[PDB]
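Let me begin by presenting the structure, written as structure tokens, before commenting on it.
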Amino acid sequence: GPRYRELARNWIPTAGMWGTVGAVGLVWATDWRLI
Amino acid sequence: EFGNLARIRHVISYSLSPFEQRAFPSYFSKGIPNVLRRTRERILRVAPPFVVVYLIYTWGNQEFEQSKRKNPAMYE
Amino acid sequence: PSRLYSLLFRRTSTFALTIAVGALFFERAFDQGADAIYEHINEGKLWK
Amino acid sequence: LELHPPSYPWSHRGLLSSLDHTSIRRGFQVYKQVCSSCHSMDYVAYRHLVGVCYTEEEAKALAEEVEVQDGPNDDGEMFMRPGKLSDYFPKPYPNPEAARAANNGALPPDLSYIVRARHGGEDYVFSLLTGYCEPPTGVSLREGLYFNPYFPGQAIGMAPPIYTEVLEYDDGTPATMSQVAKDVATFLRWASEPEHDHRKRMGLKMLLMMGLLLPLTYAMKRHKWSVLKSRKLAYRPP
Amino acid sequence: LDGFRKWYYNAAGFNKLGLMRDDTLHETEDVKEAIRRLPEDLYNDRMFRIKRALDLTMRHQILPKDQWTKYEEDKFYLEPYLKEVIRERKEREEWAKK
Amino acid sequence: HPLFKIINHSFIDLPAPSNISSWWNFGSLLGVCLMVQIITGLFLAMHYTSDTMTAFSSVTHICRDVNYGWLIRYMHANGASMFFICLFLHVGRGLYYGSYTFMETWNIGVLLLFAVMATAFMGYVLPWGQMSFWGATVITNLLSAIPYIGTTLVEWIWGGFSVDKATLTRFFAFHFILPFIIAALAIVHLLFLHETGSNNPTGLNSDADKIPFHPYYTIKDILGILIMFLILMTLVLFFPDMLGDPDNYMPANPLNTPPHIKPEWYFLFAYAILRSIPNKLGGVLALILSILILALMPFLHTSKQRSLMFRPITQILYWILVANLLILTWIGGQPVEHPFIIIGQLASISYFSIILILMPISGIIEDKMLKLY
Amino acid sequence: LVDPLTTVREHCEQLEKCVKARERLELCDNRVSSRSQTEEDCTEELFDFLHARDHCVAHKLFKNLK
Amino acid sequence: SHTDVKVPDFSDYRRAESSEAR
Ligand code: HEC
Ligand code: HEM
Ligand code: HEM
């Protein structure tokens, strides 16, 4: 519905940030040179 | 725990002491009828499937052998 | 027999004593009897 | 695609049927005089025999009948001594390759667990040793081969080792090829399971104890569960 | 379809334990709310029927054939009360989306 | 007393349903089997050496020179087989009676199932026979499926270019350590269940009829333990080599490979699926899903009745599922050739279609027949 | 000395079931004789014949054996 | 009330001085 849409739009930016952290974390940990 | 499990009302429940009652009352007297009663109640819903299994099994085995069997026309 | 209940089954302590003592001897009897069977079943084949 | 050895009526085939120990003694003689030249019963030591078909001192005799080297000596490597009851059976071809060479590329497989390692071993063994029949038309076995319908591929490097009267049984039982194959199959079986007899005795005691204990535990359960199984419920709305 | 529904009702087998159809419903949140809204006599009959069915399953027995629950007789008592629970449940949900 | 409080709560004064059948014994049997395995495993560990030169020699020394060492070894092997028999019947009870709606208990269960399968695989590698070595290589190279992460990972477990001593020793360490993690996960399994209590075969709320556990389901568990011990011993003391494989009695030869290689019986259903999918990766995934489809099971329940006691069409579909599970167990055994392959392909298609598609549609139809939908 | 197997074999061997089996093998043997320039062999025929023979012999070799 | 009915018969269950033995 509309409300949950507002919620998603409001948290997805935060979620993307979290994924970003994971990207750095995973890559740094995996030492994947491709990155 | 016990005491707070459920709410029932007016359900009286009689029972007897173990040593006061026969250990195997009519064990084979009604046991057989009941076991037979039971099987006929699920046999049609259990066996049919496995019957077909025996069948596929057999057909499968035989078919394989035939595949291994030398083709008469082969080499002739 | 009501002597049993009074002598063997009645007091847990007595109930026990009979079990332990019986078990102590049961092994002797069971092993002996069992061996007799096993051997006979294959009487011919065994060292002696 | 392989011939599947038939079922033979072994004296140990039954559920509580032990091994015939005279047949194990004869099969050990068959292994010692014929099979020990190429195959190695690595996991069977003279001591093992004591209690099965040879007595302590008797086994000592057999033990004393082999030369086994003792590597570590003050300044030497080997003055093979009278093998003892603690010595394991002497493996021919100390190195595997040695046999490979001797057997034309084949490596006799250590027959300690052959019966256990071969599907339907006891039968297979008997069949293989007695399956040395005539090669059929079209077959072209490579150099140094023989024809046995059972062996995988029907091309076993092993030449047929049991010719009727190959060895004489000390017991005097006619040494017919078969009598010899059956004895060595019993022995190899024993080898692959020295505890066959002891176990079956444990299984007999287990069956007697379970036949005593299952109805009694069932009776205790049905005592403690009769109370409920007789419970009569009645609904009495006011 | 009516006769085949009676045949399936006999094949389901909860009538042989004396149960109703609404006794056999899995108690989710909506079902427990509908059970809580039942009157006292209907709730007591439901609990006695469930207890008797559990006792019969314990002894691996069924009721005699004259005591079974006739398909025609079964009453869908919880159904009316349940619909409401679902209706109310849905209403709250849509309102959430608002 | 703090402890007795806990004791009384999980085994004595625990309110259990009065009408649970003998199938509810099986999980307790699994716990007993776990202890039995651990005990027998400990008495294998006092003489086993995890060296590729001496592993087969140590196993033969256990069977031939240790007093009753053959008894403990074959008890360990047939107890692993009994563990998987009781595990399969426990999972079948959970599938049939709708016990997967206890979702946390079900998920801890499927984690336990994965751990038990890994433990049994590495344990079968441990005697270092011909069959163990080729089985390890094969099952490990399976991991070589993953394109970027897989290859290295394989040699990582192999600890080298190919399975060799490096593997055997780390497989001994894992196989030692995982049953204690299984015991801890089983404690979590028991906790996540007592919060909700056990289910009954009718699938109804059994709160009106609950009895104690000490005198009613304890002597029942003791009787089930006695029957399970009868079957194990009579599968060790009389038919000791029935469930095993003969080629495992040969030493591990890297130069030769057993002509007919097969996983043990319990791992076959999966084996069939893997072989069925043409793509290697597909096989691995399907294989995993084979086990994982169960976890997915609590989200596929579309019926208003918990159990299958009053649901005949889904009963028929369940027994067809048991039927083609037995078919997949048979196919795995059969070699690669017509028509075993096609059956395998169908049987896998039918397995996934019955679990994924046919049972919720049948539950919808059954709800429609009772004028509920 | 006569290996008991030979006796038992003779018996089961004489049986027609087996006799014709052998004959089928014979036709096969002959086929390969005339059809000498081919790759067809008689191994399969050989096995089936033996399976029968042995099964029977096996049914009756241990009795004679001592 | 509580006296309308009597304890149901357990004769097919009930067994047939004896307690000590039982
Ligand atoms: C002079 C050589 C030689 C003698 C004598 C010999 N063998 Fe062998 N045997 C072999 C060779 C070589 C192999 C392995 C060849 C192969 O598998 O292709 C073998 C393999 C076997 C196998 C296992 C075959 C398989 O499929 O793995 C058995 C069983 C066996 N022998 C039993 C015997 C018995 C019993 C005797 C005597 C009573 C005997 N052998 C005497 C050379 C011999
Ligand atoms: C390590 C092997 C396992 C053991 C020892 C085990 C043991 C048990 C035990 C003792 C119970 C209590 C039920 C009873 O005994 O009456 C139980 C319940 C349950 N188990 Fe398991 N289990 C095992 C594996 C699994 C697996 C793999 C699953 C999932 C497929 C699973 C799912 C369940 C569920 C859903 C219940 C609740 C069912 C009920 O009690 O009504 N278990 N388990
Ligand atoms: C801490 C608990 C356990 C210990 C210490 C242990 C220890 C061992 C050891 C040392 C071996 C090698 C000896 C041999 O194979 O004969 C072994 C083999 C084995 N173990 Fe375990 N084990 C344990 C639990 C388990 C469990 C839970 C399973 C089942 C999943 C299992 C299944 C096996 C199997 C299948 C084998 C190979 C049997 C064979 O050789 O045929 N073990 N175990």
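Residues in the structure tokens are numbered from 1 in each chain, the chains being A, B, ... in the order shown, and ligands are numbered from 1 in the order shown.
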Based on the backbone DSSP call, show me all residues of stretch 26-183 of chain D assigned strand (DSSP E or B), as an MDAnalysis selection string. chainID D and resid 45 50 54 67:68 81:82 88 146 156
Please write the residues from the selection above to a file, keeping N, CA and C atoms, as a PDB file, in the first residue's frame.
```pdb
ATOM      1  N   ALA D  45      48.301 -62.678  11.861  1.00  0.00           N
ATOM      2  CA  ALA D  45      49.563 -63.124  12.441  1.00  0.00           C
ATOM      3  C   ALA D  45      49.427 -64.494  13.069  1.00  0.00           C
ATOM      4  N   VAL D  50      45.951 -69.266  17.217  1.00  0.00           N
ATOM      5  CA  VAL D  50      45.733 -69.899  18.510  1.00  0.00           C
ATOM      6  C   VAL D  50      44.321 -69.668  18.986  1.00  0.00           C
ATOM      7  N   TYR D  54      44.476 -73.946  15.890  1.00  0.00           N
ATOM      8  CA  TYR D  54      45.798 -74.400  16.277  1.00  0.00           C
ATOM      9  C   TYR D  54      46.060 -73.994  17.708  1.00  0.00           C
ATOM     10  N   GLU D  67      61.464 -67.637   8.433  1.00  0.00           N
ATOM     11  CA  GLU D  67      62.522 -66.683   8.738  1.00  0.00           C
ATOM     12  C   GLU D  67      62.071 -65.241   8.609  1.00  0.00           C
ATOM     13  N   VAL D  68      62.060 -64.519   9.723  1.00  0.00           N
ATOM     14  CA  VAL D  68      61.665 -63.118   9.696  1.00  0.00           C
ATOM     15  C   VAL D  68      62.810 -62.241  10.152  1.00  0.00           C
ATOM     16  N   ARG D  81      65.123 -64.343  11.992  1.00  0.00           N
ATOM     17  CA  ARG D  81      65.102 -65.320  13.060  1.00  0.00           C
ATOM     18  C   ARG D  81      63.893 -66.225  12.977  1.00  0.00           C
ATOM     19  N   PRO D  82      63.827 -67.230  13.860  1.00  0.00           N
ATOM     20  CA  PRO D  82      62.644 -68.088  13.890  1.00  0.00           C
ATOM     21  C   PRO D  82      61.428 -67.250  14.183  1.00  0.00           C
ATOM     22  N   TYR D  88      53.765 -61.501  12.089  1.00  0.00           N
ATOM     23  CA  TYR D  88      52.643 -61.609  11.145  1.00  0.00           C
ATOM     24  C   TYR D  88      53.026 -62.485   9.971  1.00  0.00           C
ATOM     25  N   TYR D 146      44.385 -65.320 -18.366  1.00  0.00           N
ATOM     26  CA  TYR D 146      43.650 -66.572 -18.347  1.00  0.00           C
ATOM     27  C   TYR D 146      42.181 -66.241 -18.380  1.00  0.00           C
ATOM     28  N   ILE D 156      41.735 -62.320 -15.562  1.00  0.00           N
ATOM     29  CA  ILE D 156      42.526 -62.242 -14.348  1.00  0.00           C
ATOM     30  C   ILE D 156      43.946 -62.690 -14.608  1.00  0.00           C
TER      31      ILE D 156
END
```
Write as a PyMOL selection string the residues around ligand 2, taking 8 Å as the cut-off and counting only C-alpha atoms and all ligand atoms. chain F and resi 20+23-34+83+87-88+90-95+99-103+105-114+116+182-183+186+189-190+193+197-200+294-295
Generate the output file for the selected residues, N, CA and C atoms, as a CSV table (one decimal), in the first residue's frame.
```csv
chain,number,residue,atom,x,y,z
F,20,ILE,N,-0.2,-39.5,21.6
F,20,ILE,CA,0.9,-39.5,20.6
F,20,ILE,C,1.3,-41.0,20.4
F,23,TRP,N,5.5,-43.2,16.7
F,23,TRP,CA,6.4,-42.3,15.9
F,23,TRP,C,7.0,-41.2,16.7
F,24,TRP,N,6.4,-40.7,17.8
F,24,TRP,CA,6.9,-39.7,18.7
F,24,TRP,C,8.0,-40.3,19.5
F,25,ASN,N,8.2,-41.6,19.6
F,25,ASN,CA,9.4,-42.2,20.2
F,25,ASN,C,10.7,-41.8,19.5
F,26,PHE,N,10.6,-41.6,18.2
F,26,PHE,CA,11.8,-41.7,17.3
F,26,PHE,C,12.8,-40.7,17.6
F,27,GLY,N,12.4,-39.4,17.9
F,27,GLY,CA,13.3,-38.4,18.3
F,27,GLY,C,14.1,-38.7,19.5
F,28,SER,N,13.5,-39.3,20.5
F,28,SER,CA,14.2,-39.7,21.7
F,28,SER,C,15.3,-40.8,21.4
F,29,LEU,N,14.9,-41.7,20.5
F,29,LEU,CA,15.8,-42.7,19.9
F,29,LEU,C,17.0,-42.0,19.3
F,30,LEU,N,16.8,-40.9,18.5
F,30,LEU,CA,17.8,-40.2,17.9
F,30,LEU,C,18.8,-39.7,18.9
F,31,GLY,N,18.3,-39.2,20.0
F,31,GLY,CA,19.2,-38.7,21.1
F,31,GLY,C,20.0,-39.8,21.7
F,32,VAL,N,19.4,-41.0,21.9
F,32,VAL,CA,20.1,-42.2,22.4
F,32,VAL,C,21.1,-42.6,21.4
F,33,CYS,N,20.7,-42.6,20.1
F,33,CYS,CA,21.7,-43.0,19.1
F,33,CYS,C,22.9,-42.1,19.1
F,34,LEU,N,22.6,-40.8,19.3
F,34,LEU,CA,23.7,-39.8,19.3
F,34,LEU,C,24.7,-40.1,20.4
F,83,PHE,N,20.9,-44.2,13.1
F,83,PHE,CA,20.7,-42.8,13.3
F,83,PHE,C,20.0,-42.2,12.0
F,87,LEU,N,16.3,-40.7,11.9
F,87,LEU,CA,16.2,-39.4,11.4
F,87,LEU,C,15.2,-39.2,10.2
F,88,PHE,N,15.2,-40.2,9.3
F,88,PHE,CA,14.2,-40.1,8.2
F,88,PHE,C,12.8,-40.3,8.7
F,90,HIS,N,11.7,-39.6,11.7
F,90,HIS,CA,11.4,-38.4,12.5
F,90,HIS,C,11.0,-37.2,11.6
F,91,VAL,N,11.7,-37.1,10.4
F,91,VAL,CA,11.4,-36.0,9.5
F,91,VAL,C,10.0,-36.4,8.8
F,92,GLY,N,9.8,-37.7,8.5
F,92,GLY,CA,8.5,-38.1,7.9
F,92,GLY,C,7.3,-37.8,8.9
F,93,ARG,N,7.6,-38.1,10.2
F,93,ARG,CA,6.5,-37.7,11.2
F,93,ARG,C,6.3,-36.2,11.2
F,94,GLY,N,7.3,-35.4,11.1
F,94,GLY,CA,7.1,-34.0,11.1
F,94,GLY,C,6.4,-33.5,9.8
F,95,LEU,N,6.7,-34.1,8.7
F,95,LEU,CA,6.0,-33.8,7.5
F,95,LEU,C,4.5,-34.2,7.5
F,99,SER,N,3.8,-30.9,11.9
F,99,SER,CA,4.7,-30.4,13.0
F,99,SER,C,5.6,-29.3,12.5
F,100,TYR,N,5.7,-29.0,11.2
F,100,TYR,CA,6.6,-27.9,10.7
F,100,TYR,C,6.0,-26.5,11.0
F,101,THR,N,4.8,-26.4,11.5
F,101,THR,CA,4.3,-25.1,12.0
F,101,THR,C,5.0,-24.6,13.2
F,102,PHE,N,5.7,-25.5,14.0
F,102,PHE,CA,6.7,-25.1,15.0
F,102,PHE,C,7.9,-24.7,14.2
F,103,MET,N,8.0,-23.5,13.7
F,103,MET,CA,8.9,-23.1,12.7
F,103,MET,C,10.4,-23.1,13.2
F,105,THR,N,11.6,-24.8,15.8
F,105,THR,CA,12.0,-26.2,16.0
F,105,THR,C,12.3,-26.9,14.7
F,106,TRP,N,11.6,-26.6,13.6
F,106,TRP,CA,11.8,-27.2,12.3
F,106,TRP,C,13.1,-26.7,11.7
F,107,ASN,N,13.5,-25.4,11.9
F,107,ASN,CA,14.7,-24.8,11.3
F,107,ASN,C,15.9,-25.3,12.1
F,108,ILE,N,15.8,-25.4,13.4
F,108,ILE,CA,16.9,-26.0,14.2
F,108,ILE,C,17.1,-27.5,13.8
F,109,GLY,N,15.9,-28.1,13.5
F,109,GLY,CA,16.0,-29.5,13.0
F,109,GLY,C,16.8,-29.6,11.7
F,110,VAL,N,16.5,-28.8,10.7
F,110,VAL,CA,17.1,-28.9,9.4
F,110,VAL,C,18.6,-28.5,9.5
F,111,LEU,N,19.0,-27.6,10.4
F,111,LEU,CA,20.4,-27.4,10.7
F,111,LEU,C,21.0,-28.7,11.3
F,112,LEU,N,20.3,-29.4,12.2
F,112,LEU,CA,20.8,-30.6,12.8
F,112,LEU,C,21.0,-31.7,11.7
F,113,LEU,N,20.1,-31.7,10.7
F,113,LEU,CA,20.1,-32.7,9.7
F,113,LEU,C,21.4,-32.4,8.8
F,114,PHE,N,21.6,-31.2,8.4
F,114,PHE,CA,22.8,-30.8,7.7
F,114,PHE,C,24.1,-31.2,8.4
F,116,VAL,N,24.4,-33.6,10.8
F,116,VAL,CA,24.5,-35.0,10.9
F,116,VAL,C,25.0,-35.6,9.6
F,182,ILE,N,26.2,-30.9,17.6
F,182,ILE,CA,24.9,-31.5,17.3
F,182,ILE,C,24.2,-31.7,18.6
F,183,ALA,N,24.9,-32.0,19.7
F,183,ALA,CA,24.2,-32.2,21.0
F,183,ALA,C,23.8,-30.8,21.5
F,186,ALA,N,20.8,-29.9,19.6
F,186,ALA,CA,19.7,-30.7,20.0
F,186,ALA,C,19.1,-30.1,21.3
F,189,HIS,N,17.1,-27.4,20.2
F,189,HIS,CA,15.9,-28.0,19.5
F,189,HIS,C,14.8,-28.4,20.6
F,190,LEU,N,15.3,-28.9,21.7
F,190,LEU,CA,14.3,-29.3,22.8
F,190,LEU,C,13.8,-28.0,23.4
F,193,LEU,N,11.0,-26.2,21.6
F,193,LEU,CA,9.8,-27.0,21.5
F,193,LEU,C,9.0,-27.0,22.7
F,197,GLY,N,5.3,-27.1,23.3
F,197,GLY,CA,4.8,-28.5,23.6
F,197,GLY,C,4.7,-29.3,22.3
F,198,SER,N,4.6,-30.6,22.5
F,198,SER,CA,4.6,-31.5,21.3
F,198,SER,C,3.3,-31.5,20.6
F,199,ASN,N,3.2,-32.0,19.4
F,199,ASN,CA,2.0,-32.1,18.6
F,199,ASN,C,1.4,-33.5,18.8
F,200,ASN,N,0.1,-33.6,18.4
F,200,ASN,CA,-0.5,-34.9,18.5
F,200,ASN,C,-1.0,-35.3,17.1
F,294,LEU,N,12.7,-28.8,2.8
F,294,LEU,CA,12.0,-29.0,4.1
F,294,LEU,C,11.9,-27.7,4.8
F,295,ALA,N,13.0,-27.0,5.0
F,295,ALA,CA,12.9,-25.8,5.7
F,295,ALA,C,11.8,-24.9,5.1
```
Atom pair atom CA of residue D:53 / atom CA of residue D:25: separation (Å):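 Here the two named atoms are 5.7 Å from each other.
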As a PDB file with N, CA, C and O atoms, in the first residue's frame, please: every protein or nucleic acid residue near ligand 1 (cut-off 7 Å, counting only C-alpha atoms and all ligand atoms).
```pdb
ATOM      1  N   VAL D  30      46.217 -74.712   2.685  1.00  0.00           N
ATOM      2  CA  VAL D  30      46.131 -74.379   1.261  1.00  0.00           C
ATOM      3  C   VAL D  30      46.796 -73.036   0.978  1.00  0.00           C
ATOM      4  O   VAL D  30      47.555 -72.897   0.007  1.00  0.00           O
ATOM      5  N   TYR D  31      46.535 -72.033   1.828  1.00  0.00           N
ATOM      6  CA  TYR D  31      47.182 -70.731   1.676  1.00  0.00           C
ATOM      7  C   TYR D  31      48.691 -70.828   1.859  1.00  0.00           C
ATOM      8  O   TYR D  31      49.453 -70.211   1.103  1.00  0.00           O
ATOM      9  N   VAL D  34      50.161 -72.860  -1.262  1.00  0.00           N
ATOM     10  CA  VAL D  34      49.884 -72.406  -2.621  1.00  0.00           C
ATOM     11  C   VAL D  34      49.802 -70.887  -2.688  1.00  0.00           C
ATOM     12  O   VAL D  34      50.544 -70.246  -3.442  1.00  0.00           O
ATOM     13  N   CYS D  35      48.900 -70.297  -1.902  1.00  0.00           N
ATOM     14  CA  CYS D  35      48.551 -68.887  -2.070  1.00  0.00           C
ATOM     15  C   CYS D  35      49.592 -67.925  -1.515  1.00  0.00           C
ATOM     16  O   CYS D  35      49.590 -66.752  -1.895  1.00  0.00           O
ATOM     17  N   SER D  37      52.705 -67.688  -2.079  1.00  0.00           N
ATOM     18  CA  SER D  37      53.787 -67.340  -2.986  1.00  0.00           C
ATOM     19  C   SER D  37      53.559 -65.990  -3.656  1.00  0.00           C
ATOM     20  O   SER D  37      54.521 -65.334  -4.063  1.00  0.00           O
ATOM     21  N   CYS D  38      52.303 -65.561  -3.778  1.00  0.00           N
ATOM     22  CA  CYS D  38      52.000 -64.318  -4.474  1.00  0.00           C
ATOM     23  C   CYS D  38      51.202 -63.350  -3.607  1.00  0.00           C
ATOM     24  O   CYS D  38      51.366 -62.133  -3.719  1.00  0.00           O
ATOM     25  N   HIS D  39      50.339 -63.868  -2.741  1.00  0.00           N
ATOM     26  CA  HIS D  39      49.425 -63.036  -1.971  1.00  0.00           C
ATOM     27  C   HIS D  39      49.917 -62.838  -0.546  1.00  0.00           C
ATOM     28  O   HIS D  39      50.593 -63.694   0.026  1.00  0.00           O
ATOM     29  N   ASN D 103      54.199 -61.264 -11.311  1.00  0.00           N
ATOM     30  CA  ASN D 103      52.895 -61.705 -11.779  1.00  0.00           C
ATOM     31  C   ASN D 103      52.541 -61.111 -13.130  1.00  0.00           C
ATOM     32  O   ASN D 103      51.393 -61.230 -13.556  1.00  0.00           O
ATOM     33  N   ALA D 106      50.337 -57.861 -12.696  1.00  0.00           N
ATOM     34  CA  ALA D 106      49.268 -58.012 -11.727  1.00  0.00           C
ATOM     35  C   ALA D 106      49.807 -57.882 -10.329  1.00  0.00           C
ATOM     36  O   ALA D 106      50.986 -58.122 -10.091  1.00  0.00           O
ATOM     37  N   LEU D 107      48.952 -57.494  -9.399  1.00  0.00           N
ATOM     38  CA  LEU D 107      49.374 -57.409  -8.021  1.00  0.00           C
ATOM     39  C   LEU D 107      48.455 -58.262  -7.194  1.00  0.00           C
ATOM     40  O   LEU D 107      47.360 -57.823  -6.852  1.00  0.00           O
ATOM     41  N   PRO D 108      48.877 -59.490  -6.868  1.00  0.00           N
ATOM     42  CA  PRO D 108      47.946 -60.340  -6.137  1.00  0.00           C
ATOM     43  C   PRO D 108      47.354 -59.491  -5.044  1.00  0.00           C
ATOM     44  O   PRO D 108      48.091 -58.747  -4.429  1.00  0.00           O
ATOM     45  N   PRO D 109      46.039 -59.514  -4.859  1.00  0.00           N
ATOM     46  CA  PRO D 109      45.541 -58.636  -3.808  1.00  0.00           C
ATOM     47  C   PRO D 109      45.613 -59.306  -2.464  1.00  0.00           C
ATOM     48  O   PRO D 109      45.133 -60.421  -2.322  1.00  0.00           O
ATOM     49  N   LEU D 111      45.036 -61.154   0.494  1.00  0.00           N
ATOM     50  CA  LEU D 111      43.814 -61.886   0.753  1.00  0.00           C
ATOM     51  C   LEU D 111      43.400 -61.850   2.217  1.00  0.00           C
ATOM     52  O   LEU D 111      42.672 -62.726   2.659  1.00  0.00           O
ATOM     53  N   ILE D 114      39.985 -60.219   1.496  1.00  0.00           N
ATOM     54  CA  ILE D 114      39.475 -60.390   0.147  1.00  0.00           C
ATOM     55  C   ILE D 114      38.007 -60.769   0.187  1.00  0.00           C
ATOM     56  O   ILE D 114      37.213 -60.235  -0.578  1.00  0.00           O
ATOM     57  N   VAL D 125      35.122 -65.951  -4.497  1.00  0.00           N
ATOM     58  CA  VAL D 125      36.371 -66.666  -4.352  1.00  0.00           C
ATOM     59  C   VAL D 125      36.224 -68.055  -4.925  1.00  0.00           C
ATOM     60  O   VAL D 125      36.962 -68.447  -5.826  1.00  0.00           O
ATOM     61  N   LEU D 128      35.782 -67.933  -8.679  1.00  0.00           N
ATOM     62  CA  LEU D 128      36.962 -67.529  -9.428  1.00  0.00           C
ATOM     63  C   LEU D 128      37.967 -68.653  -9.452  1.00  0.00           C
ATOM     64  O   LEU D 128      38.456 -69.037 -10.510  1.00  0.00           O
ATOM     65  N   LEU D 129      38.265 -69.201  -8.284  1.00  0.00           N
ATOM     66  CA  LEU D 129      39.253 -70.260  -8.207  1.00  0.00           C
ATOM     67  C   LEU D 129      38.785 -71.466  -9.000  1.00  0.00           C
ATOM     68  O   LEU D 129      39.600 -72.247  -9.486  1.00  0.00           O
ATOM     69  N   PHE D 151      35.673 -63.133 -12.729  1.00  0.00           N
ATOM     70  CA  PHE D 151      36.592 -62.016 -12.568  1.00  0.00           C
ATOM     71  C   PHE D 151      36.125 -60.852 -13.414  1.00  0.00           C
ATOM     72  O   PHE D 151      35.690 -61.036 -14.547  1.00  0.00           O
ATOM     73  N   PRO D 152      36.211 -59.640 -12.863  1.00  0.00           N
ATOM     74  CA  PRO D 152      35.786 -58.464 -13.618  1.00  0.00           C
ATOM     75  C   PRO D 152      36.533 -58.387 -14.930  1.00  0.00           C
ATOM     76  O   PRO D 152      37.758 -58.360 -14.934  1.00  0.00           O
ATOM     77  N   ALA D 155      39.337 -61.379 -17.212  1.00  0.00           N
ATOM     78  CA  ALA D 155      40.745 -61.430 -17.577  1.00  0.00           C
ATOM     79  C   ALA D 155      41.607 -61.260 -16.348  1.00  0.00           C
ATOM     80  O   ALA D 155      42.146 -60.183 -16.106  1.00  0.00           O
ATOM     81  N   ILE D 156      41.735 -62.320 -15.562  1.00  0.00           N
ATOM     82  CA  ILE D 156      42.526 -62.242 -14.348  1.00  0.00           C
ATOM     83  C   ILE D 156      43.946 -62.690 -14.608  1.00  0.00           C
ATOM     84  O   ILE D 156      44.174 -63.759 -15.164  1.00  0.00           O
ATOM     85  N   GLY D 157      44.905 -61.867 -14.217  1.00  0.00           N
ATOM     86  CA  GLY D 157      46.295 -62.206 -14.427  1.00  0.00           C
ATOM     87  C   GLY D 157      46.640 -63.498 -13.728  1.00  0.00           C
ATOM     88  O   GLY D 157      47.455 -64.276 -14.216  1.00  0.00           O
ATOM     89  N   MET D 158      45.999 -63.745 -12.592  1.00  0.00           N
ATOM     90  CA  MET D 158      46.276 -64.954 -11.829  1.00  0.00           C
ATOM     91  C   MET D 158      46.043 -66.171 -12.664  1.00  0.00           C
ATOM     92  O   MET D 158      44.956 -66.350 -13.204  1.00  0.00           O
ATOM     93  N   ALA D 159      47.051 -67.018 -12.782  1.00  0.00           N
ATOM     94  CA  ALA D 159      46.829 -68.258 -13.489  1.00  0.00           C
ATOM     95  C   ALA D 159      46.105 -69.181 -12.547  1.00  0.00           C
ATOM     96  O   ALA D 159      46.131 -68.984 -11.335  1.00  0.00           O
ATOM     97  N   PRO D 160      45.448 -70.202 -13.093  1.00  0.00           N
ATOM     98  CA  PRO D 160      44.650 -71.088 -12.220  1.00  0.00           C
ATOM     99  C   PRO D 160      45.529 -71.825 -11.229  1.00  0.00           C
ATOM    100  O   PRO D 160      46.345 -72.675 -11.618  1.00  0.00           O
ATOM    101  N   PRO D 161      45.400 -71.525  -9.933  1.00  0.00           N
ATOM    102  CA  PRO D 161      46.354 -72.044  -8.952  1.00  0.00           C
ATOM    103  C   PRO D 161      45.973 -73.377  -8.327  1.00  0.00           C
ATOM    104  O   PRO D 161      46.811 -73.966  -7.631  1.00  0.00           O
ATOM    105  N   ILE D 162      44.755 -73.846  -8.542  1.00  0.00           N
ATOM    106  CA  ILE D 162      44.355 -75.081  -7.888  1.00  0.00           C
ATOM    107  C   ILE D 162      44.112 -76.205  -8.872  1.00  0.00           C
ATOM    108  O   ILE D 162      43.034 -76.308  -9.456  1.00  0.00           O
ATOM    109  N   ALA D 181      39.202 -75.473  -2.854  1.00  0.00           N
ATOM    110  CA  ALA D 181      38.609 -74.145  -3.005  1.00  0.00           C
ATOM    111  C   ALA D 181      37.634 -73.831  -1.872  1.00  0.00           C
ATOM    112  O   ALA D 181      37.606 -72.698  -1.374  1.00  0.00           O
ATOM    113  N   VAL D 184      39.782 -73.105   1.287  1.00  0.00           N
ATOM    114  CA  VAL D 184      40.452 -71.808   1.269  1.00  0.00           C
ATOM    115  C   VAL D 184      39.436 -70.664   1.316  1.00  0.00           C
ATOM    116  O   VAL D 184      39.736 -69.595   1.854  1.00  0.00           O
TER     117      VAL D 184
END
```
Pick out the residues no farther than 6 Å from ligand 3, counting only C-alpha atoms and all ligand atoms, and list them as a list in words. residues 34, 37, 38, 41, 42, 44, 45, 48, 59, 73, 77, 80, 116, 117, 119, 120, 123, 124, 126, 127, 176, 177, 179 and 180 of chain F
Please measure the separation of atom CA of residue B:15 and atom CA of residue B:30, giving the value in Å to one decimal.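 Here the two named atoms are 20.4 Å from each other.
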